[PDB]
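Heads up, the thing below is written out as structure tokens.
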Amino acid sequence: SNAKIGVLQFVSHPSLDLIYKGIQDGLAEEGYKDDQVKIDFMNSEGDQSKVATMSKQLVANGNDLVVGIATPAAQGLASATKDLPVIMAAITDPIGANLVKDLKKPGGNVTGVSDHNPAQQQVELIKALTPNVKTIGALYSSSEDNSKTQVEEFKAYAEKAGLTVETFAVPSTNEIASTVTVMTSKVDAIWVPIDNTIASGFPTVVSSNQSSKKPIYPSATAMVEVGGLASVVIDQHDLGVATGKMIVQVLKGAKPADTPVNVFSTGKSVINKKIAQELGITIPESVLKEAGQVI
Ligand SMILES: N[C@@H](Cc1c[nH]c2ccccc12)C(=O)O
């Protein structure tokens, strides 16, 4: 009765907006819509100062639980409260983010949905689609715990497949353009993990790379659709619906400490056909046939 939730979205990028749409759809499917739920929505605009101030407000405002969309938002909320339920919406590495003890028994007030990056499949796609690529530049933020883990895992798989990965971390969106310029003289392809900083500034990557014409393998449909070549990605709307359903489970009494994390890990490829063709890339018949989405 009297359901009230607070939602902190870390920043505006299209993937997070679609996750939030999914949250609303999942709530509505369970009857939590219109007069049956009050949602207090806030967006920290990628600003850690806003994360702190907004988290403090959301956990002290009579909400039954709070929801953090993306790792920095969930971390802000989990720091601000140890007793109010905190639901993760698409946190790539909950253990490495210090949000849960393990996936089975989170052990505190935090549970939710995790989008694991399919690094092995991305490496396989790079090898199949651009067999001339030898060195990959990993562009990501040093501010994001999610990306630290993904870069480690990707590098391990890439090395096994005979590729080299050089890292180009940025502390913020401000350093993207200049970093792209530097890295594109050093690497054959740009890879971007599930990274909120780069996702929020992705058109800057595309515009900065117009002169270099290196393929970009960025870990979101929303990035591939505005100039990336291809990736292997998890369905964002599915992440949001699953988060909505876990919010309802917790409203109905589930204890976060004993509620397993819902991990998505396999995804499907997404291929930007015109970007490939413009780069003079052949899309192998099998690659095109197995594609989850063709743009
Ligand atoms: N999983 C990311 C958030 C996220 C979800 N979908 C994305 C797409 C692009 C970049 C980031 C994201 C995190 O842990 O914070």
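Just remember, in the structure tokens the first chain shown is A, the second B, etc., residues are 1-based per chain, and ligands are 1-based in the order shown.
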Per residue of chain A within 6 Å of ligand 1, what are the shortest atom pair and its distance in Å to one decimal, counting only C-alpha atoms and all ligand atoms, with rows by chain and residue number, as a Markdown table?
| residue | atom | partner | partner_atom_place_in_ligand_line | distance |
| --- | --- | --- | --- | --- |
| A:15 | CA | ligand 1 | 8 (C) | 4.9 |
| A:16 | CA | ligand 1 | 6 (N) | 5.7 |
| A:70 | CA | ligand 1 | 15 (O) | 3.5 |
| A:71 | CA | ligand 1 | 15 (O) | 3.7 |
| A:90 | CA | ligand 1 | 1 (N) | 4.6 |
| A:91 | CA | ligand 1 | 14 (O) | 3.6 |
| A:92 | CA | ligand 1 | 14 (O) | 3.9 |
| A:115 | CA | ligand 1 | 1 (N) | 5.4 |
| A:146 | CA | ligand 1 | 14 (O) | 4.8 |
| A:194 | CA | ligand 1 | 10 (C) | 4.2 |
| A:195 | CA | ligand 1 | 10 (C) | 4.2 |
| A:196 | CA | ligand 1 | 11 (C) | 4.2 |
| A:199 | CA | ligand 1 | 10 (C) | 5.0 |
| A:220 | CA | ligand 1 | 8 (C) | 5.1 |
Which neighbours of residue A:77 fall inside 12 Å, counting only C-alpha atoms, when residues of the same chain fewer than 4 positions from it are skipped, and could you give them as JSON, numbers by chain?
{"A": [6, 7, 8, 9, 10, 44, 48, 50, 51, 52, 53, 54, 55, 56, 57, 58, 59, 60, 65, 66, 67, 68, 69, 70, 71, 72, 73, 81, 82, 83, 84, 85, 86, 87, 88, 89, 99, 109, 110]}
Writing out the chosen residues with N, CA and C atoms as a CSV table (one decimal), in the first residue's frame:
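As written to disk, again.csv reads:
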chain,number,residue,atom,x,y,z
A,6,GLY,N,12.0,6.2,-5.1
A,6,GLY,CA,12.9,7.2,-5.7
A,6,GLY,C,13.8,6.6,-6.7
A,7,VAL,N,14.0,7.3,-7.8
A,7,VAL,CA,14.9,6.8,-8.9
A,7,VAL,C,15.9,7.8,-9.2
A,8,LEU,N,17.2,7.4,-9.2
A,8,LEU,CA,18.3,8.3,-9.6
A,8,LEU,C,18.9,7.7,-10.9
A,9,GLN,N,18.8,8.5,-11.9
A,9,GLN,CA,19.5,8.1,-13.2
A,9,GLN,C,20.8,8.9,-13.2
A,10,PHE,N,21.9,8.2,-13.5
A,10,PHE,CA,23.2,8.8,-13.3
A,10,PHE,C,23.4,10.0,-14.3
A,44,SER,N,21.2,13.0,-12.2
A,44,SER,CA,22.5,13.6,-11.7
A,44,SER,C,23.4,14.2,-12.8
A,48,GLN,N,29.2,14.0,-10.1
A,48,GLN,CA,29.3,13.3,-8.8
A,48,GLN,C,28.8,14.1,-7.6
A,50,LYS,N,26.1,16.1,-7.8
A,50,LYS,CA,24.7,15.9,-7.9
A,50,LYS,C,24.4,14.5,-7.4
A,51,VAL,N,25.2,13.5,-7.7
A,51,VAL,CA,25.0,12.1,-7.2
A,51,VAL,C,24.9,12.2,-5.6
A,52,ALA,N,25.8,12.9,-5.0
A,52,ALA,CA,25.8,12.9,-3.5
A,52,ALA,C,24.6,13.7,-3.0
A,53,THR,N,24.3,14.8,-3.5
A,53,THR,CA,23.2,15.6,-3.0
A,53,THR,C,21.8,15.0,-3.3
A,54,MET,N,21.7,14.4,-4.5
A,54,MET,CA,20.4,13.8,-4.8
A,54,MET,C,20.2,12.5,-4.1
A,55,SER,N,21.3,11.7,-3.9
A,55,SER,CA,21.2,10.5,-3.1
A,55,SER,C,20.8,10.8,-1.7
A,56,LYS,N,21.4,11.8,-1.1
A,56,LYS,CA,21.0,12.2,0.3
A,56,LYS,C,19.5,12.5,0.4
A,57,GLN,N,19.0,13.2,-0.6
A,57,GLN,CA,17.6,13.6,-0.6
A,57,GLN,C,16.7,12.4,-0.7
A,58,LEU,N,17.0,11.5,-1.7
A,58,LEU,CA,16.2,10.4,-2.1
A,58,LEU,C,16.0,9.3,-0.9
A,59,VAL,N,17.0,9.2,-0.1
A,59,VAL,CA,17.0,8.2,0.9
A,59,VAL,C,16.4,8.7,2.2
A,60,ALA,N,16.0,10.0,2.3
A,60,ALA,CA,15.5,10.6,3.5
A,60,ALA,C,14.1,11.3,3.2
A,65,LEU,N,11.8,2.4,-1.3
A,65,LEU,CA,13.1,1.9,-1.8
A,65,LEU,C,13.5,3.0,-2.8
A,66,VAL,N,14.8,2.9,-3.1
A,66,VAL,CA,15.4,3.7,-4.2
A,66,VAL,C,16.0,2.8,-5.3
A,67,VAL,N,16.2,3.4,-6.4
A,67,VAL,CA,16.7,2.7,-7.6
A,67,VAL,C,17.8,3.5,-8.2
A,68,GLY,N,18.9,2.9,-8.5
A,68,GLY,CA,20.0,3.6,-9.1
A,68,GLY,C,20.3,3.1,-10.5
A,69,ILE,N,20.1,3.9,-11.5
A,69,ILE,CA,20.3,3.5,-12.9
A,69,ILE,C,21.8,3.9,-13.2
A,70,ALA,N,22.6,2.8,-13.4
A,70,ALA,CA,24.0,2.9,-13.7
A,70,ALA,C,24.8,2.9,-12.4
A,71,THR,N,26.0,2.4,-12.4
A,71,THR,CA,26.9,2.1,-11.3
A,71,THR,C,27.1,3.3,-10.4
A,72,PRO,N,27.4,4.5,-10.9
A,72,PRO,CA,27.6,5.6,-10.0
A,72,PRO,C,26.3,6.0,-9.2
A,73,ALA,N,25.2,5.9,-9.8
A,73,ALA,CA,23.9,6.2,-9.1
A,73,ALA,C,23.6,5.2,-8.0
A,81,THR,N,22.6,5.2,2.3
A,81,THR,CA,21.8,4.4,3.2
A,81,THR,C,22.2,3.0,3.3
A,82,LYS,N,22.2,2.4,4.5
A,82,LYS,CA,22.5,1.0,4.7
A,82,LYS,C,21.3,0.2,5.0
A,83,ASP,N,20.2,0.9,5.2
A,83,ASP,CA,18.9,0.2,5.7
A,83,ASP,C,17.8,0.2,4.7
A,84,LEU,N,17.6,1.3,3.9
A,84,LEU,CA,16.6,1.3,2.9
A,84,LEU,C,17.0,0.5,1.7
A,85,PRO,N,16.0,-0.3,1.1
A,85,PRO,CA,16.4,-1.1,-0.1
A,85,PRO,C,16.9,-0.2,-1.3
A,86,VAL,N,18.0,-0.6,-1.9
A,86,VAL,CA,18.6,0.0,-3.0
A,86,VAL,C,18.5,-1.0,-4.2
A,87,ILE,N,17.9,-0.7,-5.3
A,87,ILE,CA,17.8,-1.6,-6.4
A,87,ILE,C,18.7,-1.1,-7.5
A,88,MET,N,19.7,-1.9,-7.9
A,88,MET,CA,20.5,-1.6,-9.0
A,88,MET,C,19.8,-1.8,-10.3
A,89,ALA,N,19.9,-0.8,-11.2
A,89,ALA,CA,19.4,-1.0,-12.6
A,89,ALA,C,20.5,-0.9,-13.6
A,99,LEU,N,29.0,-3.2,-4.1
A,99,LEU,CA,27.6,-3.1,-3.8
A,99,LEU,C,26.9,-4.3,-3.2
A,109,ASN,N,21.6,-4.2,2.0
A,109,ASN,CA,20.4,-3.6,1.5
A,109,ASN,C,20.3,-3.4,0.0
A,110,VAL,N,21.2,-3.9,-0.8
A,110,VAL,CA,21.3,-3.7,-2.2
A,110,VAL,C,21.1,-5.0,-3.0
When DSSP works through the backbone of this structure, what residues of stretch 72-169 of chain A end up as strand (DSSP E), shown as a PyMOL selection string?
chain A and resi 86-89+110-115+135-141+164-169
File dump, residues just selected, N, CA, C and O atoms, as a compact mmCIF listing (two decimals), in the first residue's frame:
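What follows is the written file out-v8.txt:
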# COMPACT_ATOMS: atom_id res chain seq x y z
N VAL A 86 17.98 -0.63 -1.87
CA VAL A 86 18.56 0.00 -3.04
C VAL A 86 18.55 -1.03 -4.18
O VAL A 86 19.10 -2.11 -4.05
N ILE A 87 17.89 -0.67 -5.27
CA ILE A 87 17.79 -1.57 -6.41
C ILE A 87 18.71 -1.07 -7.52
O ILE A 87 18.55 0.05 -8.01
N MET A 88 19.66 -1.91 -7.91
CA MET A 88 20.55 -1.63 -9.02
C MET A 88 19.83 -1.84 -10.35
O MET A 88 19.24 -2.91 -10.58
N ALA A 89 19.87 -0.82 -11.22
CA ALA A 89 19.37 -0.98 -12.58
C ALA A 89 20.54 -0.92 -13.56
O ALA A 89 21.02 0.18 -13.92
N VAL A 110 21.22 -3.94 -0.77
CA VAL A 110 21.32 -3.74 -2.21
C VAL A 110 21.10 -5.04 -2.99
O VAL A 110 21.72 -6.05 -2.70
N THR A 111 20.24 -5.01 -4.00
CA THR A 111 20.14 -6.11 -4.98
C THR A 111 19.79 -5.49 -6.32
O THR A 111 19.74 -4.26 -6.42
N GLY A 112 19.57 -6.31 -7.34
CA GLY A 112 19.07 -5.77 -8.62
C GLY A 112 19.58 -6.49 -9.84
O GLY A 112 19.84 -7.69 -9.79
N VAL A 113 19.75 -5.72 -10.92
CA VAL A 113 20.01 -6.26 -12.26
C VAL A 113 21.39 -5.81 -12.75
O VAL A 113 21.74 -4.63 -12.62
N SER A 114 22.12 -6.77 -13.31
CA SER A 114 23.49 -6.54 -13.75
C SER A 114 23.66 -6.91 -15.22
O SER A 114 23.21 -7.99 -15.64
N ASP A 115 24.28 -6.00 -15.99
CA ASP A 115 24.58 -6.23 -17.41
C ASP A 115 26.07 -6.51 -17.59
O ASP A 115 26.91 -5.59 -17.66
N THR A 135 45.88 -4.03 -33.25
CA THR A 135 45.94 -3.30 -31.99
C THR A 135 44.61 -2.59 -31.75
O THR A 135 44.09 -1.92 -32.64
N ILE A 136 44.08 -2.75 -30.55
CA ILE A 136 42.84 -2.11 -30.14
C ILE A 136 43.12 -1.06 -29.08
O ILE A 136 43.87 -1.31 -28.14
N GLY A 137 42.51 0.11 -29.21
CA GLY A 137 42.56 1.12 -28.15
C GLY A 137 41.27 1.05 -27.35
O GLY A 137 40.18 1.20 -27.91
N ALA A 138 41.39 0.82 -26.04
CA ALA A 138 40.25 0.79 -25.13
C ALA A 138 40.04 2.21 -24.60
O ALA A 138 40.90 2.71 -23.88
N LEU A 139 38.94 2.85 -24.99
CA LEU A 139 38.58 4.20 -24.53
C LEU A 139 37.51 4.08 -23.45
O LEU A 139 36.45 3.52 -23.70
N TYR A 140 37.77 4.62 -22.27
CA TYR A 140 36.87 4.44 -21.13
C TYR A 140 37.22 5.44 -20.06
O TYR A 140 38.26 6.12 -20.13
N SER A 141 36.37 5.52 -19.04
CA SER A 141 36.63 6.47 -17.96
C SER A 141 37.33 5.82 -16.77
O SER A 141 36.95 4.72 -16.33
N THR A 164 46.31 -7.00 -29.46
CA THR A 164 46.91 -6.19 -28.40
C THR A 164 45.94 -5.08 -28.02
O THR A 164 45.25 -4.51 -28.89
N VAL A 165 45.85 -4.79 -26.73
CA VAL A 165 44.98 -3.73 -26.23
C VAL A 165 45.84 -2.71 -25.50
O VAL A 165 46.62 -3.07 -24.60
N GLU A 166 45.74 -1.47 -25.96
CA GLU A 166 46.35 -0.33 -25.28
C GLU A 166 45.23 0.48 -24.65
O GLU A 166 44.19 0.71 -25.29
N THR A 167 45.42 0.90 -23.41
CA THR A 167 44.37 1.61 -22.68
C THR A 167 44.49 3.13 -22.78
O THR A 167 45.61 3.67 -22.73
N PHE A 168 43.35 3.79 -22.95
CA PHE A 168 43.26 5.24 -23.05
C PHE A 168 42.12 5.68 -22.15
O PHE A 168 40.98 5.89 -22.59
N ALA A 169 42.43 5.76 -20.86
CA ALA A 169 41.45 6.19 -19.88
C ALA A 169 41.36 7.71 -19.85
O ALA A 169 42.38 8.41 -20.00
With only C-alpha atoms as the counted atoms, please give the residues lying no more than 10 Å from residue A:246, apart from itself and same-chain residues fewer than 2 positions off, as a short mmCIF file (atom, residue, chain, number, x, y, z; two decimals) with C-alpha atoms, in the first residue's frame.
data_model
loop_
_atom_site.label_atom_id
_atom_site.label_comp_id
_atom_site.auth_asym_id
_atom_site.auth_seq_id
_atom_site.Cartn_x
_atom_site.Cartn_y
_atom_site.Cartn_z
CA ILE A 23 11.44 0.02 -15.44
CA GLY A 26 7.74 -3.59 -15.72
CA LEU A 27 6.10 -1.70 -12.85
CA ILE A 87 17.79 -1.57 -6.41
CA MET A 88 20.55 -1.63 -9.02
CA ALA A 89 19.37 -0.98 -12.58
CA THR A 111 20.14 -6.11 -4.98
CA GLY A 112 19.07 -5.77 -8.62
CA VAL A 113 20.01 -6.26 -12.26
CA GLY A 240 14.70 -2.19 -17.37
CA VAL A 241 11.70 -4.55 -17.29
CA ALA A 242 13.64 -7.01 -15.15
CA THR A 243 14.56 -4.18 -12.80
CA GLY A 244 10.87 -3.18 -12.61
CA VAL A 248 7.90 -5.04 -7.20
CA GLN A 249 9.35 -8.12 -5.50
CA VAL A 250 10.98 -5.86 -2.90
CA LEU A 251 7.86 -3.69 -2.43
CA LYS A 252 6.04 -6.98 -1.75
CA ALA A 254 11.62 -9.57 -0.62
CA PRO A 256 17.59 -7.44 -0.70
CA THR A 259 17.60 -11.68 -3.23
CA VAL A 261 21.28 -10.52 -8.48
CA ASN A 262 19.78 -10.98 -11.95
#
Using atom CA of residue A:29 and atom CA of residue A:245 as the two end points, give the distance in Å to one decimal.
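Interatomic distance, atom CA of residue A:29 to atom CA of residue A:245: 8.6 Å.
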List as JSON lines every residue of stretch 109-200 of chain A that is in contact with stretch 225-234 of chain A, defined as an atom at most 8 Å from one of its atoms (using only C-alpha atoms), together with the nearest atom pair and the distance in Å rounded to one decimal, sorted by chain and then rising number.
{"residue": "A:115", "atom": "CA", "partner": "A:234", "partner_atom": "CA", "distance": 6.9}
{"residue": "A:117", "atom": "CA", "partner": "A:233", "partner_atom": "CA", "distance": 7.4}
{"residue": "A:118", "atom": "CA", "partner": "A:232", "partner_atom": "CA", "distance": 6.6}
{"residue": "A:121", "atom": "CA", "partner": "A:232", "partner_atom": "CA", "distance": 6.6}
{"residue": "A:122", "atom": "CA", "partner": "A:232", "partner_atom": "CA", "distance": 5.6}
{"residue": "A:125", "atom": "CA", "partner": "A:231", "partner_atom": "CA", "distance": 7.5}
Saved selection, atoms kept: N, CA and C atoms, as a compact mmCIF listing (two decimals), in the first residue's frame:
# COMPACT_ATOMS: atom_id res chain seq x y z
N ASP A 115 24.28 -6.00 -15.99
CA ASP A 115 24.58 -6.23 -17.41
C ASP A 115 26.07 -6.51 -17.59
N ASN A 117 29.35 -7.44 -19.53
CA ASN A 117 29.79 -7.24 -20.91
C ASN A 117 30.31 -8.50 -21.58
N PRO A 118 29.78 -8.85 -22.77
CA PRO A 118 30.19 -10.11 -23.41
C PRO A 118 31.51 -9.94 -24.17
N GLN A 121 32.67 -12.63 -26.87
CA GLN A 121 31.93 -12.47 -28.12
C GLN A 121 32.33 -11.23 -28.89
N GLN A 122 32.66 -10.15 -28.19
CA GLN A 122 33.14 -8.95 -28.86
C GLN A 122 34.48 -9.20 -29.53
N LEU A 125 33.90 -11.17 -32.63
CA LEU A 125 33.33 -10.32 -33.68
C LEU A 125 34.39 -9.46 -34.35
Sorted by chain and rising residue number, list the residues of stretch 124-217 of chain A at most 12 Å from stretch 276-282 of chain A (counting only C-alpha atoms), each with its closest atom pair and distance in Å to one decimal, as a tab-separated table.
residue	atom	partner	partner_atom	distance
A:126	CA	A:281	CA	11.7
A:128	CA	A:282	CA	10.0
A:129	CA	A:282	CA	7.3
A:130	CA	A:281	CA	7.2
A:131	CA	A:281	CA	9.8
A:132	CA	A:281	CA	10.2
A:133	CA	A:281	CA	11.6
A:189	CA	A:279	CA	11.9
A:210	CA	A:279	CA	10.9
A:211	CA	A:279	CA	12.0
A:212	CA	A:279	CA	10.8
A:213	CA	A:279	CA	7.1
A:214	CA	A:279	CA	8.2
A:215	CA	A:279	CA	7.6
A:216	CA	A:276	CA	10.2
A:217	CA	A:276	CA	11.3
